[PDB]
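Note sheet for the following structure.
Protein chains in written order, with the entry's author numbering: chain A, 1 to 220; chain B, 1 to 216; chain C, 11 to 473; chain D, 80 to 236; chain E, 290 to 394; chain F, 342 to 394; chain G, 447 to 473.
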């Protein structure tokens, strides 16, 4: 196939700002007789399915306003928006329908710009009803932060263990406009009863220094 | 004018047959100008084209598979049906059926986005109320937690106390290890509602029809 | 800044080196016999490879392939006009006469299960007529045509047929793509009759769209443009054509019309006019009057300038006369009885159909010598190699040696096998095909006025 | 171009102050195919009745009487060579002048003239005019010309 | 309201206008074969080679003739060939002829 | 030349929805070359033209 | 659009038209 590559994965824009969102390919989308660029675009609103914007790289769909404009010819392409508003919060997708089979791009996530925030830290032990089943999951709730780029590690008595680390992010809040996620250290009780200290730390763009919340196992 | 809805089996087993049915109202597919495709997406990944069938009874498929994927329409009932045989673990996605143009050469308006998740067997949810640490008298912000680990299938709608003090919620998506699904929940308050005011976990799990409520 | 691009060695006219003498010669065949069934061959039931009665009609090509005795094997009484050490001898054509002695009258054919739906001339009301099978018995005349071809190479044809498809696409309809080909014209194969120069054997499944004679064949058609553009020009000396046709009736097909005619062109009706009939229409050629002065035969044909570069010289001692006639293609009927009785009944007789056809070949030639010299022998050698061989005077090392050793093996094929390629000259490329052959090796003469042509040849030549 | 060409000898003309230009003297339009004519039609053609020998009549009712017919056209050979691409003409609708109590809704005819491009047809004995805008029934001609216009040369122009 | 239907006649092969060369010695206009802009414009019209094909495939094979088993298609094909012979012309560019060619183009 | 107009827009065709017109159009050109001529005039020529016209 | 940009030739007698043309040329 002819591959599609889009950059960046996400871009933070303020209200009233013009955004340029670039998508590329490996083979040129122009035909020698058709002379129309074989490109269209999409808009995946959160909770909604993708809808159509502009076709043949310069001709818009009926209902899309004039602020949305497509450009690019040959191999380089960029979607150019004049002034972004509240309704355009979505995930956009690149589409080449030139050579069969047709494929999509990596995609980009548009967010409305708000305040930078370091998360609020917390730690919780494995519940004793889960311990009766023989399992031990130490959960960490890092909530209310912005942006999404954040490094998460776990310290079991100061040693970093990458096994048993599964992180899932939430969506943005509608009012506070920040991000959220959790970190559940999934392990076995047979390894739980050996070590003592259990530490959740993080590295965020707002604060390079680590935030901390800990709990020693045997104490109460 | 054009209305669109899909219908599928929902829950499938490995090496079985997939019958995804697409339904339309507003046009006819034998008309010169109407044409429909079928697009998948996972919960985390992007999008990709699978199959698309036109007016004059010819078929294209995604050449990576090229064997199991057999698209077919029924223009008399004005419907399209998607027929995958031997569904494997890689087909865990959410399919989107919709209508295409060729003056736009893209997909105009899409549908409900039916969810097909394939695994071994359903499992009962084991709800675990996360309790606070004994600890020092911190008093910073008593956040609570109630962990729904090890269930199948999707979806489960987690709910909190009805009509009480509400200042936000933190509904988490599902993490994908081995077939039992993994998900959690949190609500943060400024350390006033606990242990004084009431808190509870309501879990639905509408497949297995069991319900157990719990306090911390 | 530019440049005159590339010098290429050109072909030259054959009147540069061919020298003519004042020695003439006659040839003439006997009457040729041909008889058979106008519709299909008669195959033997026990062994289904030998024929019982062959198929021959008016509309099959009669390609002729005569033989010429090699002039070098002639003991001449006075050998003083040439040296056989330096020269060689080869023939050239100057005349042409084709005779037909059957009375005029066009032949006809038909098909018993032809896909007629309805007549579409003055009345086709609504609604549609009921039925699943509506084939009917129809008989149909043909278009008329007259032509003639002569040359050293056998004539090359062209025809449509099923070819390659394209890539797996869901936007291109189930329709067989049409592709052009180039073929060598056999004997017995047919001419167009207003139904396109395509194979009907692999493109028509129903076998109910043409008359019965041309359902499983390739009605080929002669190319002029590709044949005139051959640089050596050893295929077309001299040719005529004459044909005419016009419409007689109008008909439509019957079945599921493969493309719906678009709604943008017509307003749909209701009541008795809800359904739509076919759009696949086709005419029928019938042919017109045939005079005696529209003939192109029983006439002398003097040639002095061919359109190609070969001025009638015929290498390999063979010619190629192809002729198509329809003006004497009439069909007789035969009626033999089983029992003799005094009352007519429809099962006492039996009927057979036949067709006769005859021809006449009449020629006059001229002797020509080639003074073979070193600058000339290379010129034929890039054209051909077989003519240089069968004259029996020399052989050729094809390179002046090769430039790469190419790493010949010696231990005879036990480790890394390759293409051994056991060769064979196959003694001609034409042996796979089949022509109506006629020998002439005992039919030359030097006294002219004992034959009709030389009597006419002496008047036009002024001798 | 006759000035960007690799001539074998440029010692005849003076390129400082002159010009080279091509000239046409020999032409041949080759054409190879058999000689079969073709038929076209229209499946819902506005035929009422037969009017050549027999119309013994009362009145005849009916809502639609369209039928399936097909016929040929005239044989017509022409060829022409030009420096400008050729110009033709066709009849068509135009202004109506909207006055003087027009109790008849026949549109006025106007002589238009434009340039012939390929894919467009010659006259078929049915008038050199635009059938698409001047008819409405779409049922008087065969389907080949019904949505288009036919053209014709204008030799004296 | 009447209207006639046309009907073609006997098309011969000697009443054609092609495969026979021409030699333009003197045109009726003024440019005797001069090609400004290095381009020609030829246009040909013929309807004597307007024959129509008859394509019909099958969806299934039987030992019984049934009209539903076949789908009918029509196709049509034409061939053309162009051949040209040209001469070379020179122009003496003097003063007033520049104005003469400028008002032409 | 034949023309038709309409009175209404519908889905199907009805007979009384179409009003028709017939037409014919014709066209000419004339071109003329002349040659100047004079008449010398004696007395009897004046008599000859007078009785002619 | 046909294109004759690189199809010229100065050698006349290799084509059917010029062979007839040289006969009409009287040269």
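C-beta atoms are modelled at their ideal positions from N, C-alpha and C, and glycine is treated no differently.
CA-CA distance, residue 11 of chain A and residue 171 of chain A? By one-based count along the first chain, residue 11 of chain A stands at place 11. By one-based count along the first chain, residue 171 of chain A stands at place 171. The alpha-carbon atoms of residue 11 of chain A and residue 171 of chain A are separated by roughly 15 Å.
Own chain partners of residue 76 of chain C with C-beta closer than 6 Å, once the 5 adjacent residues on each side are dropped: Here residue 76 of chain C refers to the residue found at position 66 when the third chain is read from its first residue. Taken in chain order, the residues that qualify are 329, 448 and 450.
Could you work out which residues of chain E lie near residue 120 of chain D, taking near to mean beta carbons separated by less than 9 Å? Translated into positions along the fourth chain, residue 120 of chain D becomes position 41. Simply none; closest approach about 11 Å.
Taking C-beta pairs closer than 9 Å, name the residues in chain D that residue 355 of chain F reaches, listed in chain order. Residue numbering aside, residue 355 of chain F sits at position 14 when the sixth chain is read from its first letter. Simply 142 and 143.
Span of the alpha helix (DSSP H), counted from its first residue to its last, around residue 387 of chain G: Since the first and last residues shown for chain G are 447 and 473, residue 387 of chain G lies out of range.
In terms of alpha-carbon separation, which member of A:148, A:180, A:191 and A:129 lies closest to residue 214 of chain B? The sequence position of residue 214 of chain B within the second chain is 214, counting from 1. Of A:148, A:180, A:191 and A:129, the residue nearest in Cα terms is A:129.
List, in order along the chain, the chain B residues whose C-beta lies closer than 8 Å to that of residue 40 of chain A? In the first chain, the residue the question calls residue 40 of chain A occupies position 40. Neighbours of residue 40 of chain A on chain B, chain order: 104, 105 and 106.
Inter-stretch contact at 8 Å, needing at least 3 Cβ pairs: the segment 271 to 291 of chain C / the segment 143 to 151 of chain D: yes
Beta bridge counterpart(s) of residue 120 of chain A as assigned by DSSP: Against the first chain, residue 120 of chain A aligns to sequence position 120. Beta-bridge pairing links residue 120 of chain A to A:143.
Give the straight-line distance between the Cα atoms of residue 228 of chain C and residue 20 of chain B, rounded to the nearest whole angstrom. Here residue 228 of chain C corresponds to residue number 218 of the third chain, with the count starting at 1. Here residue 20 of chain B corresponds to residue number 20 of the second chain, with the count starting at 1. Rounded to whole angstroms, residue 228 of chain C to residue 20 of chain B spans 48 Å at the Cα level.
Starting from the Cα of residue 199 of chain A, find the closest Cα among A:132, A:148, A:107 and A:122 and give me that residue. Here residue 199 of chain A corresponds to residue number 199 of the first chain, with the count starting at 1. Among A:132, A:148, A:107 and A:122, the Cα nearest to that of residue 199 of chain A is on A:122.
Quick check: what's the CA-CA separation for residue 16 of chain B versus residue 156 of chain B? Locating residue 16 of chain B in the second chain gives position 16, counting from the first residue. Locating residue 156 of chain B in the second chain gives position 156, counting from the first residue. If I take the Cα positions, the gap works out to 25 Å.
Beta carbons nearer than 8 Å to chain C: which residues of the segment 298 to 331 of chain E have them? 298, 299, 300, 301, 302, 303 and 308
Let's test the definition: count the other Cβ atoms within 10 Å of the Cβ of residue 444 of chain C and tell me whether it reaches 16, buried, or not, exposed. Taking the first residue of the third chain as position 1, residue 444 of chain C is located at position 434. With fewer than 16 Cβ atoms within 10 Å of its Cβ, residue 444 of chain C is classed as exposed.
Using a C-beta to C-beta distance shorter than 8 Å, which residues of chain F count as neighbours of residue 280 of chain C? Residue mapping note: residue 280 of chain C aligns to position 270 of the third chain, counting from 1. Result: 353.
Pick from B:165, B:149 and B:197: whose alpha carbon is nearest that of residue 177 of chain B? Against the second chain, residue 177 of chain B aligns to sequence position 177. Considering only alpha carbons, the answer is B:149.
Chain A residues whose Cβ lies nearer than 7 Å to that of residue 205 of chain B: Walking along the second chain from the start, residue 205 of chain B turns up at place 205. In chain order: nothing, as chain A lies at least about 18 Å away.
Boundaries of the alpha helix (DSSP H) in which residue 190 of chain A is found, first to last residue: Within the first chain, residue 190 of chain A is the residue found at index 190, counting from 1. That run of the alpha helix (DSSP H) goes 189 to 192.
For my contact list, residue 299 of chain E and residue 254 of chain C are in at a C-beta cut-off of 8 Å; report their separation, rounded to the angstrom. To locate residue 299 of chain E, count along the fifth chain from 1; it is residue 10. To locate residue 254 of chain C, count along the third chain from 1; it is residue 244. Right, their Cβ atoms sit about 6 Å apart.
Coil, strand or helix - residue 391 of chain F by DSSP: Walking along the sixth chain from the start, residue 391 of chain F turns up at place 50. Reduced to three states, the DSSP call for residue 391 of chain F is helix.
Of all the options C:288, C:187 and C:376, which has the alpha carbon lying nearest to the alpha carbon of residue 269 of chain C? Residue numbering aside, residue 269 of chain C sits at position 259 when the third chain is read from its first letter. The candidate whose alpha carbon is nearest that of residue 269 of chain C is C:288.
Is the shortest distance between the beta-carbon of residue 216 of chain A and the beta-carbons of chain B less than 7 Å? Along the first chain, read from residue 1 onward, the residue named residue 216 of chain A stands at position 216. No, residue 216 of chain A lies away from the interface with chain B (no Cβ there is under 7 Å from its Cβ).
For residue 90 of chain C, which option in C:430, C:379, C:437 and C:406 has the closest C-alpha, if you only look at C-alpha atoms? For the purposes of this step, residue 90 of chain C is taken as residue 80 along the third chain, with counting starting at 1. If we check each option's Cα against that of residue 90 of chain C, C:379 comes out closest.
When you compare only the Cα positions, how much space is there between residue 190 of chain C and residue 252 of chain C? For the purposes of this step, residue 190 of chain C is taken as the residue at position 180 of the third chain. For the purposes of this step, residue 252 of chain C is taken as the residue at position 242 of the third chain. Straight-line Cα distance between these residues: approximately 25 Å.
Cβ neighbour criterion (16 or more within 10 Å) applied to residue 94 of chain D: Counting from 1 along the fourth chain, the entry for residue 94 of chain D is found at position 15. Residue 94 of chain D is exposed by the Cβ-count criterion.
At a Cβ cut of 9 Å, what residues of the segment 191 to 208 of chain C count as close to chain D, listed as they run along the chain? 201, 202, 203, 204, 205, 206 and 207
Could you give the uninterrupted runs of the beta strand (DSSP E) lying entirely in the segment 256 to 321 of chain C, keeping only those of 3 residues or more? 257 to 262 and 291 to 295
For residue 226 of chain D versus residue 204 of chain D, is the C-beta distance shorter than 7 Å? Your numbering for residue 226 of chain D matches position 147 in the fourth chain. Your numbering for residue 204 of chain D matches position 125 in the fourth chain. Not in contact: residue 226 of chain D and residue 204 of chain D (Cβ atoms no closer than 7 Å).
Per-residue contacts from residue 216 of chain B into chain C (C-beta, under 9 Å): Locating residue 216 of chain B in the second chain gives position 216, counting from the first residue. Under the 9 Å cutoff, chain C gives no residues; its nearest Cβ is about 59 Å from residue 216 of chain B.
Distance, residue 96 of chain A Cα to residue 346 of chain F Cα: Taking the first residue of the sixth chain as 1, we reach residue 346 of chain F at position 5. Taking the first residue of the first chain as 1, we reach residue 96 of chain A at position 96. Computed Cα separation, rounded: 47 Å.
Opening and closing residue of the alpha helix (DSSP H) in which residue 400 of chain C lies: Locating residue 400 of chain C in the third chain gives position 390, counting from the first residue. Its alpha helix (DSSP H) spans residues 396 to 400.
Opposing strand residues paired with residue 17 of chain B [DSSP bridges]: Position 17 of the second chain, counting from 1, holds the residue named residue 17 of chain B. Partner(s): B:85.
So, with DSSP's three-state summary, where would you put residue 57 of chain A? In the first chain, counting from the first residue as 1, residue 57 of chain A sits at position 57. Correct three-state label for residue 57 of chain A: coil.
Is the CB-CB distance between residue 38 of chain C and residue 372 of chain C below 7 Å? The residue you call residue 38 of chain C lines up with position 28 of the third chain. The residue you call residue 372 of chain C lines up with position 362 of the third chain. It is a contact, given that the beta carbons lie within the stated cut-off.
If we cut at 7 Å on Cβ distances, does residue 133 of chain D have a partner in chain C? If you number the fourth chain from 1, residue 133 of chain D lands on position 54. So no, residue 133 of chain D is outside the interface.
If we define contact as Cβ-Cβ less than 7 Å, is residue 29 of chain D a contact residue for chain G? Chain D is shown from 80 up to 236; residue 29 of chain D falls before or after that span and cannot be answered.
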